[PDB]
Amino acid sequence: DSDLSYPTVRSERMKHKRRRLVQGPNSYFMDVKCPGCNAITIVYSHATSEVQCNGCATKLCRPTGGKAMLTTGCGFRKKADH
Amino acid sequence: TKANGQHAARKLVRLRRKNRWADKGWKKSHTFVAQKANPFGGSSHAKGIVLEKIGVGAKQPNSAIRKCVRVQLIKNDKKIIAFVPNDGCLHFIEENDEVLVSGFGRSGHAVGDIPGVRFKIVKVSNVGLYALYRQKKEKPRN
Amino acid sequence: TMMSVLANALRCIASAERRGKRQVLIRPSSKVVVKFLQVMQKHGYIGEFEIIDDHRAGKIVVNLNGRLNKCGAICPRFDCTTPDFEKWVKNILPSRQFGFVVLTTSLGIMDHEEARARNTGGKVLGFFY
Amino acid sequence: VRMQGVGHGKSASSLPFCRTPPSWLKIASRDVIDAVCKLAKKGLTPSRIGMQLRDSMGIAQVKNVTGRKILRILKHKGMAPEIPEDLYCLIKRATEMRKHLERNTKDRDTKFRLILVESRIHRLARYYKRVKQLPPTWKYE
Amino acid sequence: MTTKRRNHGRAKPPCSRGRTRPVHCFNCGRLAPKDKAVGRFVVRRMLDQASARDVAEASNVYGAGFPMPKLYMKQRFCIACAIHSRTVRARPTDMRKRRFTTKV
RNA sequence: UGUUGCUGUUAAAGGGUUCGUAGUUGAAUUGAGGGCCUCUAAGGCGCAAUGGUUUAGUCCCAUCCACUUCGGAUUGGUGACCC
RNA sequence: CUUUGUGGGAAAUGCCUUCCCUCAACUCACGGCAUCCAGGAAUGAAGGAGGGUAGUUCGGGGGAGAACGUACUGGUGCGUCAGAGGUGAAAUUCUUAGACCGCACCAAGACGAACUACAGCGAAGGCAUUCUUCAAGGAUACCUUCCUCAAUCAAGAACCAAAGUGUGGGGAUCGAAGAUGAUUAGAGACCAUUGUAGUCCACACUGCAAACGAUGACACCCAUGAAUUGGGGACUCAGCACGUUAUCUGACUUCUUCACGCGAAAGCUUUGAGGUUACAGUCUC
Numbered sequence: 005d006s007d008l009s010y011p012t013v014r015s016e017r018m019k020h021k022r023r024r025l026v027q028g029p030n031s032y033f034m035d036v037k038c039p040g041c042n043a044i045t046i047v048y049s050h051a052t053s054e055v056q057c058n059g060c061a062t063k064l065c066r067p068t069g070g071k072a073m074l075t076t077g078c079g080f081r082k083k084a085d086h
Numbered sequence: 002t003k004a005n006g007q008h009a010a011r012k013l014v015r016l017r018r019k020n021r022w023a024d025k026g027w028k029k030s031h032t033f034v035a036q037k038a039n040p041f042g043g044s045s046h047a048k049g050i051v052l053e054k055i056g057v058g059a060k061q062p063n064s065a066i067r068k069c070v071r072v073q074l075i076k077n078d079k080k081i082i083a084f085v086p087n088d089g090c091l092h093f094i095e096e097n098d099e100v101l102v103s104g105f106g107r108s109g110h111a112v113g114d115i116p117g118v119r120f121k122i123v124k125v126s127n128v129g130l131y132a133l134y135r136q137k138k139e140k141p142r143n
Numbered sequence: 002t003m004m005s006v007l008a009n010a011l012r013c014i015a016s017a018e019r020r021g022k023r024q025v026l027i028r029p030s031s032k033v034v035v036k037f038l039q040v041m042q043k044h045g046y047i048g049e050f051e052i053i054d055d056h057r058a059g060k061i062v063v064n065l066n067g068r069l070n071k072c073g074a075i076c077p078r079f080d081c082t083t084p085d086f087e088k089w090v091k092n093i094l095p096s097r098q099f100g101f102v103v104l105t106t107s108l109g110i111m112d113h114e115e116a117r118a119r120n121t122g123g124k125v126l127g128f129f130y
Numbered sequence: 002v003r004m005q006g007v008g009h010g011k012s013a014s015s016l017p018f019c020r021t022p023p024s025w026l027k028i029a030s031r032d033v034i035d036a037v038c039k040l041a042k043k044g045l046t047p048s049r050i051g052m053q054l055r056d057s058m059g060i061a062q063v064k065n066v067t068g069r070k071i072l073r074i075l076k077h078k079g080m081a082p083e084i085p086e087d088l089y090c091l092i093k094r095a096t097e098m099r100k101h102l103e104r105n106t107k108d109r110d111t112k113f114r115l116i117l118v119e120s121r122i123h124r125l126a127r128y129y130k131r132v133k134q135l136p137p138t139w140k141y142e
Numbered sequence: 001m002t003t004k005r006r007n008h009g010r011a012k013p014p015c016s017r018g019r020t021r022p023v024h025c026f027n028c029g030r031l032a033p034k035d036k037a038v039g040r041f042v043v044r045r046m047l048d049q050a051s052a053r054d055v056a057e058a059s060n061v062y063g064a065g066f067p068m069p070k071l072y073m074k075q076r077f078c079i080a081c082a083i084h085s086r087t088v089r090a091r092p093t094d095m096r097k098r099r100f101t102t103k104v
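Residue numbers (the authors' numbering), protein chains in the order written: chain S, 5 to 86; chain M, 2 to 143; chain e, 2 to 130; chain R, 2 to 142; chain T, 1 to 104.
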């Protein structure tokens, strides 16, 4: 049977982070590789500004507000939230 | 609505003090213009000297003639009308006789079929007029 | 905003009870809201309740057995006394038999019944049937 | 509710539910501190220091990887601004409106906005002279 | 007084505009708000069927040759206007609430 | 005249709107402790033991094979679980 | 002057050791000793307020400058010739000094149809051609920043439809007043032909509307279905734009199958007039 105290998985996929039981973060990090060398650099999913390394004028991320649009040809590894 | 705060008191008080002036049942007590207006001075009765007998009509749904008396007031030198409130006792009132005067019923509205008159004549020459009507006493001309 | 924590809680409970719902969510938590619930759970009007931790402010969750009929809040927290237990108990409640007014005291948080017993009045808090 | 004028929004930033530092951050307190102060010398406000840090270095929060947050750092090293962030910004916007209105006295909108921004600045002022962070003789103009 | 119509005879919802531009009538020249005003779309023929035959005879490059054009117009009417030419009529309660949207 | 205990869509009555001082009202945290003995005091979604042929069960197995909606078979089986 | 990625390999009784031997132009390991020198002990970060950054985000939001569109009215030129305006019917009115009508061109002023919606933006009043330009506002996204800075309001301040008033510019259209013709028993009437103020703009006043949703503001809880409007989630203004499925936050509203409930009824329904005699969230008029 359903419970408010312990909610169902399918229900809490949907919900906003301000509407959630815990109200946790809705973001994560990523390792973006600089293809202009090999330099592994941490980058943030909702970067909301450019990030550069000295191994790239290829950049890493675009500033765009919806979530970062990472430069093509770049290695993406997905770090966990926790 | 209203305020439920602990220190809200003064707003409540001042609200009441404003809104009682929208009541006419507050004014009628506290204000002395009402007292002044009343021809007895707000006293129970007053006496007056009969001036003239005045025949007074009646309103449209009940056609009748009513017997009334134009009286002057000793106290304030005001004039007033009053009704003779017995059958065939216009006789027992004569000009320049002292007479008492009372209110009748509702005293902010005029009585039906006599406009402007809230005043009935109880006593003529301190004799009970009822006593003359339903014979016990006889009128003095003494 | 909300100017009484209790009012925010116990208008969720009352509404939910009138719809017969068997659990309710409560948006904030306070030390006070806990104690109120505790009372009613002893006397048999609530199954259980959980307090959950978001590490900002908690979210209480309660299991209604449907045995309540109202849970009110007396908002100004007016002063009630040893004689004036009588007054309140008549005026805001449908009965003297099963009406429960809950009060604050220096001692803690308790029913009027227990308040009289220990002979301390105080400021009122809330009530339930 | 929005302080002045209409608005209800829920656009906000949450927190992590883990207040201890990530396993992929092996950086010490000191490195974080140094980075903050370094950036600050360019004239950057704390708001953009945090952004630079989180995006480049993967920092969860400054507060999570050091015992203190961004202003406390700056203060202790004597780099802190004497005009709080929120106040300064409003005053900039304000002055810029007053430029536009100097030229355009037919502009209805920006006039009303300036009235808002004024009284908002005053509220801030009043606050920070109760809770001392400005001199007690401070005034907008 | 009584709320006879929820939308008040308008396509304007509460708490949005509170002002929509006036528009003239093609009958009496009366002005009313655009939302109140009673729109219709005419599609008026340039020839009757009876005459269409006769003209299409004398035509070679037209009629048969190309389909005849029509005069199109939008007609925004006043309330009074509409009712009097009986293109809008009073309806019982159940029917008044019905709409057909902007389709014919 | 409605503090206890009033009303304001249409009946008497929400100010044309916004800013704003006196005034009124204002979120959460600091935390109200424990053990050993007796008591059939209760619950048990803990548990060693040992009980129960269907004196109670279901998965596996046996025999059929029934194209597909029969079954029974005994010690079945530290199995499952029940007093 | 190798190997050089990192765990892997070897070998012990998850760990140790050996071996590979720890990359971002300084990175990793070891040592001298030379320096400089208090500082990391703070409640938290409210589906409470303020601020930041980003999508050349979103919109009949606001100001400025420049063009564009036909029509109305007038003028001019080129042609035609007798009626034309206008109404229920007429008449006022305009015509051989050529009207009406057609085409061409120009002048002046206003306005921006259709598309334009049970749509959008703005605090409200209100806001619609295009291009350029100036300063803003809301929504959304964020593990950035601040830490109670709030809510509502006597006093006081700002904004405010149309008509009105002052001064200057403009004056095409419509048009109170006025004039004329009808209609009528009577008729500046309602109607018709005209026409001044006004209608437009700049700078001042006025603050008087059915300024209405006849519904004060902020906050909590509250169910049924299908859509729409923005944002977010799963070469050449271009790693783009639209649509479909599903989800979410923010706005406007419909069920003409809106749940409970309320109300005298009409009606109201997460969008309250509901959660109120079981009468108390807060403030004000």
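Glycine included, C-beta positions come from ideal geometry on N, C-alpha and C.
Practice problem: Could you tell me whether the region 33 to 45 of chain T touches the region 61 to 77 of chain T, using the rule of 3 or more Cβ pairs below 8 Å? | Solution: yes
Quiz item: Does DSSP put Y134(M) in a helix, in a strand, or in coil?
Solution: helix
Practice problem: Closer than 7 Å by C-beta to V25(e): which residues in its own chain qualify, once you throw out the five before and the five after it? Chain order, please. | Solution: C13, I14, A17, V63 and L65
Quiz item: With a Cβ-Cβ cutoff of 9 Å, do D35(S) and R66(S) count as a contact?
Solution: no
Self-check item: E103(R) to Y141(R) span [Cα, whole Å]
Solution: 19 Å
Self-check item: Proximity to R119(M) [Cα-Cα], best of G129(M), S108(M), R11(M) and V125(M)
Solution: Cα-wise, what sits closest to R119(M) is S108(M).
Quiz item: Is it a yes or a no for the region 113 to 128 of chain M touching the region 72 to 82 of chain M, going by three-plus beta-carbon pairs under 8 Å?
Solution: yes
Quiz item: What is the residue span of the beta strand (DSSP E) that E53(M) lies within?
Solution: Note, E53(M): beta strand (DSSP E), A47 to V57.
Quiz item: Which chain S residues are close to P22(R), counting only those with a beta carbon under 7 Å from its beta carbon?
Solution: Residues of chain S passing the Cβ test: none, with the nearest at roughly 12 Å.
Quiz item: Taking the Cβ atom as the reference point for each residue, do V102(M) and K48(M) lie within a distance shorter than 9 Å?
Solution: yes
Practice problem: Confirm the yes/no value for this check: CB of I110(e), any heavy atom of the ligand NAD, distance under 8 Å. | Solution: No copy of the ligand NAD occurs in the structure displayed, which carries no ligand at all.
Practice problem: Using a Cβ-Cβ cut-off of 9 Å, state whether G59(R) counts as contacting chain S. | Solution: It does; some Cβ of chain S falls within 9 Å.
Quiz item: Using a beta-carbon distance below 9 Å, is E51(e) in contact with chain S?
Solution: yes
Self-check item: Beta-carbon gap between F93(M) and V125(M) smaller than 9 Å
Solution: Result yes, Cβ atoms of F93(M) and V125(M) sit closer than 9 Å.
Quiz prompt | Three-state class that DSSP yields for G40(S) in the structure shown | solution = coil
Quiz item: Do we get a CB-CB distance below 9 Å when we pair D110(R) with the residues of chain S?
Solution: So, not an interface residue.
Quiz item: Given a threshold of 16 other Cβ atoms within 10 Å of its Cβ, counted over all protein chains shown, does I34(R) qualify as buried or as exposed?
Solution: buried
Exercise. Please name the residue, chosen from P69(T), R91(T), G65(T) and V38(T), that lies closest to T102(T) on a Cα-to-Cα basis.
Key: Looking only at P69(T), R91(T), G65(T) and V38(T), the smallest Cα-Cα distance to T102(T) is reached by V38(T).
Self-check item: chain S contacts made by the region 23 to 44 of chain e, where a contact means CB separation under 7 Å
Solution: Per Cβ criterion, the list reads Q24 and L26.
Quiz prompt | chain e contact for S9(S) (CB, 9 Å cutoff) | solution = yes
Quiz item: Which bits of chain R does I46(S) rub up against, with CB to CB less than 8 Å?
Solution: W25, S57, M58 and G59
Quiz item: Which one of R86(T), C81(T), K97(T) and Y62(T) has the shortest CA to CA distance from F26(T)?
Solution: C81(T)
Quiz prompt | Three-state secondary structure (DSSP) of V34(M) | solution = helix
Practice problem: Output, in chain order, the set of chain e residues within a Cβ distance shorter than 7 Å of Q56(S). | Solution: Under the 7 Å cutoff, chain e gives no residues; its nearest Cβ is about 35 Å from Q56(S).
Quiz item: Along the chain, which unbroken stretches of the beta strand (DSSP E) at least 3 residues long are found entirely within the region 73 to 126 of chain e?
Solution: 101 to 105 and 110 to 112
Quiz prompt | Distance between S16(T) and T2(M) (C-alpha atoms, nearest Å) | solution = 29 Å
Quiz item: Along chain S, which residues have their Cβ under 7 Å away from the Cβ of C19(R)?
Solution: Proximity of chain S to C19(R) at the Cβ level (cut-off 7 Å) is accounted for by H86, in chain order.
Practice problem: Could you tell me which chain S residues have their CB closer than 9 Å to the CB of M98(R), listed as they occur along the chain? | Solution: Residues of chain S with a Cβ closer than 9 Å to the Cβ of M98(R) do not exist; the shortest Cβ-Cβ separation is about 25 Å.
Exercise. Identify whether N9(e) lies in helix, strand or coil by the three-state DSSP scheme.
Key: helix
Quiz item: Between the Cα of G6(R) and the Cα atoms of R121(R), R20(R), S30(R) and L135(R), which residue gives the shortest distance?
Solution: Shortest Cα-Cα distance from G6(R) to any of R121(R), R20(R), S30(R) and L135(R) involves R121(R).
Quiz item: Can you tell which of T12(S), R14(S) and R24(S) has the C-alpha that lies nearest to the C-alpha of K60(e)?
Solution: Measuring from the Cα of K60(e), the nearest candidate turns out to be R24(S).
Quiz prompt | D32(R) (DSSP reduced to helix, strand or coil) | solution = helix
Quiz prompt | Spatially closest choice to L52(M) from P116(M), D98(M), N143(M) and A111(M), by CA coordinates | solution = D98(M)
Practice problem: Just mark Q7(M) as buried or exposed, buried being the case when its beta carbon has 16 or more other beta carbons within 10 Å. | Solution: exposed
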